[PDB]
Every structure is written in structure tokens, then in C-alpha cells.
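Asker: Pasting data03.cif here (mmCIF, N, CA, C and O atoms):
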```cif
data_coords
#
loop_
_atom_site.label_atom_id
_atom_site.label_comp_id
_atom_site.auth_asym_id
_atom_site.auth_seq_id
_atom_site.Cartn_x
_atom_site.Cartn_y
_atom_site.Cartn_z
N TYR A 1 41.64 31.00 -161.63
CA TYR A 1 42.38 30.13 -160.73
C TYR A 1 43.82 29.99 -161.24
O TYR A 1 44.03 29.86 -162.45
N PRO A 2 44.82 30.00 -160.35
CA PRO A 2 44.74 29.99 -158.89
C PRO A 2 44.83 31.36 -158.22
O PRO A 2 45.17 31.41 -157.04
N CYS A 3 44.55 32.43 -158.94
CA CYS A 3 44.61 33.76 -158.34
C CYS A 3 43.52 33.90 -157.28
O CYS A 3 42.36 33.59 -157.54
N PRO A 4 43.87 34.34 -156.07
CA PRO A 4 42.85 34.48 -155.02
C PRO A 4 42.02 35.74 -155.24
O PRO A 4 42.56 36.82 -155.50
N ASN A 5 40.70 35.60 -155.14
CA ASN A 5 39.74 36.70 -155.31
C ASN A 5 40.00 37.35 -156.67
O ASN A 5 40.13 36.63 -157.67
N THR A 6 40.09 38.67 -156.76
CA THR A 6 40.42 39.37 -157.99
C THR A 6 41.74 40.10 -157.78
O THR A 6 41.94 40.73 -156.74
N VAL A 7 42.63 40.01 -158.75
CA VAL A 7 43.94 40.64 -158.68
C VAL A 7 44.06 41.69 -159.79
O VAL A 7 43.40 41.59 -160.83
N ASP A 8 44.89 42.70 -159.54
CA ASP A 8 45.22 43.72 -160.52
C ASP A 8 46.42 43.27 -161.33
O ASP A 8 47.40 42.78 -160.76
N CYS A 9 46.36 43.45 -162.64
CA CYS A 9 47.48 43.15 -163.53
C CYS A 9 47.68 44.32 -164.48
O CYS A 9 46.73 45.03 -164.81
N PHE A 10 48.92 44.52 -164.92
CA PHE A 10 49.29 45.70 -165.68
C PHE A 10 49.85 45.32 -167.05
O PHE A 10 50.70 44.43 -167.15
N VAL A 11 49.37 46.00 -168.08
CA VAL A 11 49.67 45.68 -169.47
C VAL A 11 50.86 46.50 -169.94
O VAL A 11 51.01 47.67 -169.56
N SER A 12 51.70 45.89 -170.77
CA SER A 12 52.88 46.57 -171.30
C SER A 12 52.52 47.41 -172.52
O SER A 12 51.86 46.94 -173.45
N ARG A 13 52.97 48.67 -172.51
CA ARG A 13 52.81 49.64 -173.60
C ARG A 13 51.40 49.69 -174.18
O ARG A 13 51.23 49.53 -175.39
N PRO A 14 50.35 49.90 -173.37
CA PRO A 14 48.99 49.91 -173.95
C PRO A 14 48.76 51.01 -174.98
O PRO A 14 48.04 50.77 -175.97
N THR A 15 49.35 52.19 -174.81
CA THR A 15 49.10 53.29 -175.74
C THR A 15 49.71 53.03 -177.11
O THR A 15 49.06 53.23 -178.14
N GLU A 16 50.98 52.60 -177.13
CA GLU A 16 51.63 52.30 -178.40
C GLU A 16 50.92 51.16 -179.13
O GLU A 16 50.73 51.21 -180.35
N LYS A 17 50.52 50.14 -178.38
CA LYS A 17 49.77 49.03 -178.97
C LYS A 17 48.44 49.51 -179.54
O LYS A 17 48.02 49.05 -180.60
N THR A 18 47.77 50.44 -178.85
CA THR A 18 46.54 51.01 -179.38
C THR A 18 46.78 51.75 -180.69
O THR A 18 46.00 51.62 -181.64
N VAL A 19 47.86 52.53 -180.75
CA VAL A 19 48.17 53.26 -181.98
C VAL A 19 48.38 52.29 -183.14
O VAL A 19 47.81 52.46 -184.23
N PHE A 20 49.17 51.24 -182.91
CA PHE A 20 49.44 50.30 -184.00
C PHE A 20 48.19 49.50 -184.37
O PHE A 20 47.99 49.16 -185.54
N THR A 21 47.33 49.22 -183.38
CA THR A 21 46.07 48.56 -183.67
C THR A 21 45.19 49.42 -184.57
O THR A 21 44.58 48.91 -185.52
N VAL A 22 45.12 50.72 -184.29
CA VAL A 22 44.34 51.62 -185.14
C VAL A 22 44.90 51.62 -186.55
O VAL A 22 44.14 51.53 -187.53
N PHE A 23 46.22 51.70 -186.69
CA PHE A 23 46.82 51.70 -188.02
C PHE A 23 46.47 50.42 -188.79
O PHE A 23 46.03 50.48 -189.95
N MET A 24 46.62 49.26 -188.14
CA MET A 24 46.40 48.00 -188.84
C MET A 24 44.92 47.79 -189.18
O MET A 24 44.59 47.31 -190.27
N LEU A 25 44.02 48.16 -188.26
CA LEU A 25 42.59 48.04 -188.54
C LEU A 25 42.16 48.97 -189.66
O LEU A 25 41.35 48.59 -190.52
N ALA A 26 42.68 50.20 -189.68
CA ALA A 26 42.35 51.12 -190.77
C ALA A 26 42.82 50.58 -192.11
O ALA A 26 42.09 50.64 -193.11
N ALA A 27 44.05 50.05 -192.15
CA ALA A 27 44.56 49.48 -193.40
C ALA A 27 43.72 48.28 -193.84
O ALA A 27 43.44 48.13 -195.03
N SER A 28 43.32 47.43 -192.90
CA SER A 28 42.49 46.28 -193.25
C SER A 28 41.13 46.72 -193.79
O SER A 28 40.61 46.13 -194.75
N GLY A 29 40.53 47.74 -193.19
CA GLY A 29 39.25 48.24 -193.69
C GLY A 29 39.38 48.84 -195.08
O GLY A 29 38.50 48.65 -195.93
N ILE A 30 40.47 49.58 -195.33
CA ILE A 30 40.73 50.08 -196.67
C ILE A 30 40.86 48.93 -197.65
O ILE A 30 40.35 48.99 -198.77
N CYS A 31 41.55 47.86 -197.24
CA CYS A 31 41.67 46.68 -198.09
C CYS A 31 40.30 46.07 -198.40
O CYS A 31 40.04 45.66 -199.54
N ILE A 32 39.42 46.00 -197.41
CA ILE A 32 38.09 45.44 -197.62
C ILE A 32 37.32 46.26 -198.65
O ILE A 32 36.75 45.72 -199.61
N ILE A 33 37.29 47.58 -198.46
CA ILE A 33 36.57 48.45 -199.39
C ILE A 33 37.15 48.33 -200.79
O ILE A 33 36.42 48.26 -201.78
N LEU A 34 38.48 48.29 -200.89
CA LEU A 34 39.13 48.20 -202.18
C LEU A 34 38.83 46.87 -202.87
O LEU A 34 38.66 46.82 -204.09
N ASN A 35 38.76 45.78 -202.10
CA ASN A 35 38.42 44.48 -202.68
C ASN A 35 36.99 44.48 -203.21
O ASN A 35 36.71 43.92 -204.28
N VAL A 36 36.06 45.10 -202.47
CA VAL A 36 34.69 45.22 -202.98
C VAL A 36 34.67 46.03 -204.27
O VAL A 36 33.97 45.68 -205.23
N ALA A 37 35.42 47.13 -204.31
CA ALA A 37 35.47 47.95 -205.52
C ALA A 37 36.04 47.16 -206.70
O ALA A 37 35.54 47.27 -207.82
N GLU A 38 37.07 46.36 -206.45
CA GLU A 38 37.66 45.55 -207.51
C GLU A 38 36.68 44.50 -208.02
O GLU A 38 36.60 44.25 -209.23
N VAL A 39 35.93 43.87 -207.11
CA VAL A 39 34.91 42.90 -207.53
C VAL A 39 33.85 43.58 -208.39
O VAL A 39 33.41 43.04 -209.41
N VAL A 40 33.41 44.77 -207.97
CA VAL A 40 32.40 45.51 -208.74
C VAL A 40 32.93 45.87 -210.12
O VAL A 40 32.22 45.77 -211.13
N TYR A 41 34.20 46.30 -210.20
CA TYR A 41 34.80 46.58 -211.49
C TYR A 41 34.85 45.34 -212.37
O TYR A 41 34.62 45.41 -213.58
N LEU A 42 35.17 44.18 -211.78
CA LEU A 42 35.19 42.95 -212.56
C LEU A 42 33.80 42.61 -213.09
O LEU A 42 33.65 42.18 -214.24
N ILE A 43 32.77 42.80 -212.26
CA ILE A 43 31.40 42.56 -212.71
C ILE A 43 31.05 43.49 -213.87
O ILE A 43 30.45 43.07 -214.87
N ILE A 44 31.41 44.77 -213.75
CA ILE A 44 31.14 45.73 -214.82
C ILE A 44 31.88 45.33 -216.09
O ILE A 44 31.34 45.45 -217.20
N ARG A 45 33.11 44.85 -215.95
CA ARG A 45 33.87 44.37 -217.11
C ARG A 45 33.17 43.19 -217.77
O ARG A 45 33.15 43.08 -219.00
N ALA A 46 32.60 42.30 -216.96
CA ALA A 46 31.84 41.18 -217.51
C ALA A 46 30.63 41.67 -218.30
O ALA A 46 30.30 41.12 -219.36
N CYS A 47 29.95 42.70 -217.79
CA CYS A 47 28.84 43.31 -218.51
C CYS A 47 29.32 44.48 -219.35
O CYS A 47 28.81 44.73 -220.45
N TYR B 1 41.81 49.92 -147.77
CA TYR B 1 42.85 50.64 -148.48
C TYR B 1 44.16 50.55 -147.70
O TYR B 1 44.14 50.67 -146.47
N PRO B 2 45.31 50.36 -148.36
CA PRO B 2 45.52 50.36 -149.81
C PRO B 2 45.52 48.98 -150.48
O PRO B 2 46.08 48.86 -151.56
N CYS B 3 44.92 47.98 -149.84
CA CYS B 3 44.88 46.65 -150.44
C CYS B 3 44.03 46.68 -151.70
O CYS B 3 42.90 47.18 -151.67
N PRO B 4 44.53 46.17 -152.82
CA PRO B 4 43.73 46.17 -154.06
C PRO B 4 42.68 45.07 -154.03
O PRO B 4 42.98 43.92 -153.69
N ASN B 5 41.45 45.43 -154.40
CA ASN B 5 40.30 44.51 -154.43
C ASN B 5 40.18 43.85 -153.06
O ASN B 5 40.23 44.55 -152.04
N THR B 6 40.03 42.53 -152.98
CA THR B 6 39.99 41.80 -151.72
C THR B 6 41.18 40.86 -151.67
O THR B 6 41.48 40.19 -152.66
N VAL B 7 41.87 40.82 -150.54
CA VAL B 7 43.04 39.98 -150.35
C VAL B 7 42.76 38.95 -149.27
O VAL B 7 41.93 39.18 -148.38
N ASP B 8 43.45 37.82 -149.36
CA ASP B 8 43.40 36.77 -148.35
C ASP B 8 44.48 37.02 -147.31
O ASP B 8 45.62 37.33 -147.67
N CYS B 9 44.12 36.88 -146.04
CA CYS B 9 45.08 37.00 -144.94
C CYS B 9 44.88 35.84 -143.99
O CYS B 9 43.78 35.30 -143.87
N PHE B 10 45.96 35.45 -143.31
CA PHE B 10 45.97 34.23 -142.51
C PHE B 10 46.30 34.54 -141.06
O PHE B 10 47.24 35.28 -140.77
N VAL B 11 45.52 33.96 -140.15
CA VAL B 11 45.58 34.26 -138.73
C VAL B 11 46.50 33.25 -138.04
O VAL B 11 46.53 32.07 -138.40
N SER B 12 47.25 33.73 -137.05
CA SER B 12 48.17 32.88 -136.30
C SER B 12 47.44 32.13 -135.19
O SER B 12 46.69 32.71 -134.41
N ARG B 13 47.67 30.81 -135.13
CA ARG B 13 47.13 29.90 -134.12
C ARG B 13 45.64 30.09 -133.83
O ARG B 13 45.27 30.30 -132.67
N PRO B 14 44.76 30.04 -134.84
CA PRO B 14 43.33 30.26 -134.55
C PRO B 14 42.72 29.24 -133.60
O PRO B 14 41.87 29.61 -132.77
N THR B 15 43.13 27.97 -133.67
CA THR B 15 42.52 26.94 -132.83
C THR B 15 42.88 27.12 -131.36
O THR B 15 42.01 27.05 -130.48
N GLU B 16 44.17 27.34 -131.07
CA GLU B 16 44.60 27.55 -129.69
C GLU B 16 43.95 28.80 -129.10
O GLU B 16 43.51 28.80 -127.94
N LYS B 17 43.88 29.87 -129.90
CA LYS B 17 43.22 31.09 -129.45
C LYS B 17 41.74 30.85 -129.17
O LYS B 17 41.20 31.39 -128.21
N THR B 18 41.09 30.03 -130.00
CA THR B 18 39.69 29.68 -129.74
C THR B 18 39.54 28.93 -128.41
O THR B 18 38.62 29.21 -127.64
N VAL B 19 40.44 27.98 -128.15
CA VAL B 19 40.38 27.23 -126.90
C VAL B 19 40.50 28.18 -125.70
O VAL B 19 39.71 28.12 -124.75
N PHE B 20 41.49 29.07 -125.75
CA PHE B 20 41.69 29.98 -124.62
C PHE B 20 40.54 30.97 -124.49
O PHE B 20 40.17 31.36 -123.38
N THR B 21 39.95 31.38 -125.62
CA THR B 21 38.78 32.24 -125.58
C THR B 21 37.61 31.55 -124.89
O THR B 21 36.91 32.17 -124.08
N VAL B 22 37.39 30.28 -125.20
CA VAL B 22 36.32 29.53 -124.55
C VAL B 22 36.57 29.46 -123.05
O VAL B 22 35.66 29.69 -122.24
N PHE B 23 37.81 29.17 -122.65
CA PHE B 23 38.12 29.10 -121.22
C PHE B 23 37.83 30.43 -120.52
O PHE B 23 37.17 30.46 -119.47
N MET B 24 38.30 31.53 -121.10
CA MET B 24 38.15 32.83 -120.45
C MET B 24 36.69 33.28 -120.41
O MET B 24 36.24 33.83 -119.40
N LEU B 25 35.95 33.05 -121.49
CA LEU B 25 34.53 33.41 -121.50
C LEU B 25 33.74 32.58 -120.50
O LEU B 25 32.84 33.10 -119.83
N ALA B 26 34.03 31.28 -120.40
CA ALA B 26 33.34 30.45 -119.42
C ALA B 26 33.62 30.92 -118.00
O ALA B 26 32.71 31.00 -117.17
N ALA B 27 34.88 31.25 -117.71
CA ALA B 27 35.22 31.75 -116.38
C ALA B 27 34.52 33.07 -116.09
O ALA B 27 34.03 33.29 -114.97
N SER B 28 34.46 33.97 -117.08
CA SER B 28 33.77 35.24 -116.88
C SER B 28 32.28 35.04 -116.63
O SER B 28 31.69 35.73 -115.79
N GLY B 29 31.65 34.12 -117.36
CA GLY B 29 30.24 33.84 -117.13
C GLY B 29 29.98 33.25 -115.75
O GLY B 29 28.99 33.60 -115.09
N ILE B 30 30.86 32.36 -115.31
CA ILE B 30 30.77 31.83 -113.95
C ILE B 30 30.89 32.97 -112.94
O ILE B 30 30.15 33.01 -111.95
N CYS B 31 31.81 33.91 -113.19
CA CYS B 31 31.95 35.06 -112.31
C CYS B 31 30.66 35.89 -112.27
O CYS B 31 30.26 36.36 -111.20
N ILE B 32 30.02 36.08 -113.42
CA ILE B 32 28.79 36.87 -113.47
C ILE B 32 27.70 36.20 -112.63
O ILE B 32 27.05 36.84 -111.79
N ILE B 33 27.50 34.90 -112.84
CA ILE B 33 26.47 34.18 -112.09
C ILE B 33 26.77 34.23 -110.60
O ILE B 33 25.88 34.43 -109.77
N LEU B 34 28.04 34.05 -110.24
CA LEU B 34 28.43 34.05 -108.83
C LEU B 34 28.22 35.42 -108.20
O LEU B 34 27.82 35.52 -107.04
N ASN B 35 28.49 36.49 -108.95
CA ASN B 35 28.25 37.84 -108.43
C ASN B 35 26.76 38.09 -108.20
O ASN B 35 26.38 38.70 -107.20
N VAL B 36 25.91 37.61 -109.12
CA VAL B 36 24.47 37.73 -108.90
C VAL B 36 24.05 36.96 -107.65
O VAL B 36 23.24 37.44 -106.85
N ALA B 37 24.59 35.75 -107.48
CA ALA B 37 24.26 34.96 -106.30
C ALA B 37 24.70 35.66 -105.02
O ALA B 37 23.98 35.65 -104.01
N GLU B 38 25.89 36.28 -105.04
CA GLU B 38 26.38 37.00 -103.87
C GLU B 38 25.50 38.20 -103.55
O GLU B 38 25.21 38.48 -102.38
N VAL B 39 25.06 38.93 -104.58
CA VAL B 39 24.15 40.06 -104.35
C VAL B 39 22.84 39.58 -103.74
O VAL B 39 22.30 40.20 -102.82
N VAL B 40 22.30 38.46 -104.25
CA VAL B 40 21.06 37.92 -103.72
C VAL B 40 21.23 37.50 -102.26
O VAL B 40 20.35 37.73 -101.42
N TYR B 41 22.37 36.87 -101.94
CA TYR B 41 22.65 36.51 -100.56
C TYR B 41 22.72 37.75 -99.67
O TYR B 41 22.24 37.73 -98.53
N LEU B 42 23.34 38.82 -100.16
CA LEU B 42 23.40 40.05 -99.37
C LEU B 42 22.01 40.62 -99.13
O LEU B 42 21.70 41.09 -98.03
N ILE B 43 21.15 40.59 -100.15
CA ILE B 43 19.78 41.06 -99.98
C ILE B 43 19.05 40.22 -98.93
O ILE B 43 18.34 40.75 -98.07
N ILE B 44 19.21 38.89 -99.00
CA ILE B 44 18.58 38.01 -98.02
C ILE B 44 19.10 38.30 -96.62
O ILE B 44 18.34 38.29 -95.64
N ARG B 45 20.40 38.57 -96.50
CA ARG B 45 20.98 38.94 -95.21
C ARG B 45 20.36 40.23 -94.69
O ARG B 45 20.11 40.37 -93.48
N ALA B 46 20.12 41.19 -95.58
CA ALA B 46 19.46 42.43 -95.17
C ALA B 46 18.06 42.15 -94.65
O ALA B 46 17.62 42.77 -93.67
N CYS B 47 17.34 41.24 -95.29
CA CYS B 47 16.01 40.84 -94.82
C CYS B 47 16.12 39.61 -93.92
O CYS B 47 15.36 39.47 -92.96
#
```
Please lay out the structure from this file as C-alpha cells.
Answerer:
Amino acid sequence: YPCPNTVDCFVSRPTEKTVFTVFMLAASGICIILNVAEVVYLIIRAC
Amino acid sequence: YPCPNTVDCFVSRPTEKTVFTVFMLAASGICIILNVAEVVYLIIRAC
């Protein structure tokens, strides 16, 4: 509301935004894996 | 087509047009009944 029925809307630069989303998500996933590896190394250092 | 999805459209003077439609349909129905009566009278005149 208040759009009548269903309306079409158009997104700005969807392809470029998709590319940058892939880059940022890949970097975040690398960060996650690296943080797990660092925690495991700390545990090994404790033992 | 080519209207996207479903669109709302607005009719000009719907109430006045309805009134005149009722008048014309009533007159046409009266004409139909009267024509049947005239045919029946002609048949009776034949007999």
C-alpha cells in the first residue's frame, strides 16, 4: 500500500551490485575460516 | 498487453450511463412485449 494491485519497479545497477556482493561475501567467508583456524591454533598452543 | 500486471482504470459518468441504460432497456422490453401482442392480434384477426 498504496500501490494499486502489483506494480513493476526497476533496480539501479543490479549487475555491479551483484559483483560487489560476491566479493564482500567471499572475503567475509575467508575471514570466518581464518578465525576458526586462529582459534584452533590458540587451542593447540594451550596444549 | 502492454499494461504491466493489472492496472486500475476509471469509467466516465457510470451512474448517469446506468440510468440511461435502464431507460433504454425498459423501452426495448416494452417494444418486445408490444410486438408480441400485435402479432397475436394479427393472428386473431386472421381467425
Asker: Up to 7 Å from chain B, what residues of chain A turn up? Count all atoms listed in the file and give them as a ChimeraX atom specification.
Answerer: /A:4-8
Asker: For the atom pair atom C of residue 29 (chain A) and atom N of residue 11 (chain A), what is the interatomic distance in Å to one decimal place?
Answerer: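 Interatomic distance, atom C of residue 29 (chain A) to atom N of residue 11 (chain A): 28.9 Å.
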Asker: Step one, run DSSP on the backbone; step two, keep only residues of chain A assigned to helix (DSSP H, G or I); then write them as JSON, numbers by chain.
Answerer: {"A": [14, 15, 16, 17, 18, 19, 20, 21, 22, 23, 24, 25, 26, 27, 28, 29, 30, 31, 32, 33, 34, 35, 36, 37, 38, 39, 40, 41, 42, 43, 44, 45, 46]}
Asker: Give me, please, the distance in Å between atom O of residue 17 (chain A) and CA of residue 36 (chain A), quoted to one decimal.
Answerer: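 So the answer is 26.3 Å.
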Asker: When you draw a straight line from atom O of residue 40 (chain B) to CA of residue 28 (chain B), how long is it in Å?
Answerer: 20.6 Å
Asker: Could you give me the centre and size, in Å to one decimal, of an axis-aligned box around all listed atoms of region 16-30 of chain B with 4 Å added on every side, as AutoDock Vina command-line options?
Answerer:
```
--center_x 36.8 --center_y 31.5 --center_z -121.5 --size_x 23.6 --size_y 16.5 --size_z 27.1
```
